[PDB]
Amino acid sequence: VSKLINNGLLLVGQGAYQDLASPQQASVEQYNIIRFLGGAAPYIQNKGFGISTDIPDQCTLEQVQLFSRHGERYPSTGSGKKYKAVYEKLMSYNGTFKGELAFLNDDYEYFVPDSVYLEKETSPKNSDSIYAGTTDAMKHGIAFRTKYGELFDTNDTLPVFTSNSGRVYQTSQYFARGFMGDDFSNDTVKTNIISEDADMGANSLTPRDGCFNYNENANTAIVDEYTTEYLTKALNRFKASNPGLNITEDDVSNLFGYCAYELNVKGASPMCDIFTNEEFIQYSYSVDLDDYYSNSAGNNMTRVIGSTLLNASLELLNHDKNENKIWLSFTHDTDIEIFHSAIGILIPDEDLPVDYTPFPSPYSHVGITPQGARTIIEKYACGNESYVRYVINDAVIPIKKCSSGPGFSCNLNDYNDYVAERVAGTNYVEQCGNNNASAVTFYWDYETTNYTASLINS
């Protein structure tokens, strides 16, 4: 395939630049396909606000907390089944594909040829893609040591906190290897594998698993009211070039995710080429809708689940005497998204509408959890005060009305009040129905508790 086809991520051409003095006068980031793929496609930085991510001058790093998703991965078992099916449905067309689907004629292989890769991080070992998730995680580890490394005492073991999802675990490991470089060994790094079982309660990197009363589908109804007409138009366009083509809107909907994962896996996907920006945007909003209403503030149970890690993170912030200053936590998009429902920095004031497409989406799921998502809390001293701020996918995201400190940070005293108010009236044990652990302890007790859950293939 020509290097002129699918050789980048931008759904815009050179036309963007045609009347500019400088290419820097152009706004082309908006057209990045990843932003429309619901967090399934490769890592992308948050749009951000222009705030420098450097620690401000005259401030000194006190502590950092990373909450990271796994890196890019193969489809899940469930999705893989869907994509393999739609591939088989497509391939069983009797006819030669024309138009956007013409690539389907060209000895087009299914991008997951071995199902053992389903659920796995893409890596140099199983993928030819530059967007390999383990690569993402290693490069992140490196970058992260570069920036926050002065907080690391090399006489200390680096603790790593990870759920037992194999891909989350492998992320944590590639991250730690990036961070530690040629000092990485079984002795300089201790990984605490925190089980996803419901019996971990709030003592978890996936506290939703112990929250029995949380129904992620509490709002599927409202989400289903959002138009799917773009799926029909697209299906109809495919049929116009391919008469008799037997696929549905359901098949078409699956092809956005198919695009995202083939991109992850192969580094380029012809499946990405079949949709217009406008279809991408509507697909994207249907994902924001789904995630907002399942995983964020649209679901009235995410505050309480999200607060477990908000609390623990705040405890870490408040304890300045801990020898360890670097908190490395790895988990899933959903956990990070629910954590964000409690953080409250990327959460809209009102529930998302379904009767129109809002611009922008008041809730951007990919701005919070792309593949390789990173939610970082920086703590630093400036004079006689400590300040806290969030760096979400490499953008500083100021806490609303707590952004007066250097780098639009929140005085730790004010951050205390902010968190208090976010978590007011939450009670995990009681709202969730789970009498296991009521709070996170694993950041503190991992030396005396063995977090060695075995890895699951999810």
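Counting begins at 1, following the sequence as shown.
Discussion item. Tell me which stretch has the larger mean Cα B-factor in this entry, 314-322 or 268-276.
Written reply: Comparing 314-322 with 268-276, the higher mean C-alpha B-factor belongs to 314-322.
Worksheet item: Given the B-factors recorded for C-alpha atoms, which segment has the greater mean, 198-206 or 329-337?
Response: Mean CA B-factor is higher for 198-206.
Worksheet item: Highest Cα B-factor in the PDB entry belongs to which of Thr248, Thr146, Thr171, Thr375?
Response: Of the options given, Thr248 has the highest CA B-factor in the PDB entry.
Worksheet item: If you check the C-alpha B-factor for each of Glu121, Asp351, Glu262, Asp136 in the entry, which is highest?
Response: Each of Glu121, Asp351, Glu262, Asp136 was compared by C-alpha B-factor; the highest is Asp351.
Worksheet entry | Chain-wide C-alpha B factor ranking for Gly425, given as lowest, middle or highest third | Highest third.
Worksheet item: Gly244's Cα B-factor: lowest, middle or highest third of the chain?
Response: Highest third of the chain for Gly244's C-alpha B-factor.
Fill in: CA B-factor ranking of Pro406, expressed as a third of its chain
It falls in the middle third of the chain.
Worksheet item: For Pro358, does the deposited CA B-factor place it in the lowest, middle or highest third of the chain?
Response: Middle third by C-alpha B-factor.
Item to complete: Among all modelled residues of this chain, ranked by Cα B factor, put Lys81 in the bottom, middle or top third, i.e. lowest, middle or highest.
Response: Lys81: CA B-factor falls in the highest third of its chain.
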